[PDB]
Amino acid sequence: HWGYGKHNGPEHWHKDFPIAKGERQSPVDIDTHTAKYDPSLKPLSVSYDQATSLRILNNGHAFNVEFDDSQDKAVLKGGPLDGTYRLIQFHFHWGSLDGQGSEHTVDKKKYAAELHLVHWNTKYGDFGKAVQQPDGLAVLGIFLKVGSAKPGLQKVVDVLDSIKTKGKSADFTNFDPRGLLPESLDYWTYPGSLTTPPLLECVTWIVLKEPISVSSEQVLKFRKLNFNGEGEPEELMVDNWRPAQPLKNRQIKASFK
């Protein structure tokens, strides 16, 4: 199955997922000088006050914090988006070392990790139908650098020892994703794809310019997770990021002048 190792990693994915070589793949390098301010972007609205987290799952690639998406409890609107996008899950990508781990890069800079808050367009009824549409998903991406601890991340960090291996899950109710945001909502946006198989070209990417700071101790606990299942030889869950893909016939727009 696909993964991140030498024998099943990003350079192999195209054999089972030929869209890996498609026209709007993610992530990309964000060339900040080329990105253009877009006055047509409306104000971005992150409305997470009524979010209902449910569970945290190690899926063998990352860990997902899952939300109740059976109604508009936590939504993203505005910016480049037409209509309402409902939060379904968040997860991270991270490195073996602080010098790599992000999927998007900024003028080729790699951050230590990247948070993805995944939302689906409610006009399509369900996530599964949304991923058949060219505007089905919106992913809010947030870079992580290593410095001061992020207090709103600590609850996530502290549950990871209970989901060490692939297929383990734990209750994760009453988690507030607002504690993962930076101060500024300045962003870059472009049309792209899922960054993991099936690599579907459904995503409006919204990548915040301001990183959040997390402590070394916090990211070190991400790196204690395992890709493998219980009882199998330990393979640390590190370097679960896809590198930047060709921009092709796309422009990155900036929300800020």
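Note that residue numbering begins at 1 and tracks the sequence as displayed. Take the two forms, superpose them, and find the largest set of C-alpha atoms that agree within 1.5 Å; that set is the rigid core.
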Greater root mean square CA deviation, 225 to 233 compared with 36 to 44 in 4 other deposited structures of this protein, core aligned: 36 to 44
Residue stretch of maximal mean CA temperature factor, 186 to 194 vs 64 to 72: 64 to 72
Greater mean Cα temperature factor according to the PDB record, 91 to 99 or 154 to 162: 154 to 162
Given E232, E210, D29, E201, the residue at which the Cα B factor reaches its maximum: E232
Given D107, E114, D135, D171, the residue at which the Cα B factor reaches its maximum: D171
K77, C-alpha B-factor rank within chain (lowest, middle or highest third): highest
Within-chain third of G141 by Cα B-factor, per the entry: lowest
Third of the chain, ranked by Cα B-factor, where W205 sits: lowest
CA B-factor placement of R24, once the chain's modelled residues are sorted into thirds: lowest
CA B-factor placement of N121, once the chain's modelled residues are sorted into thirds: lowest
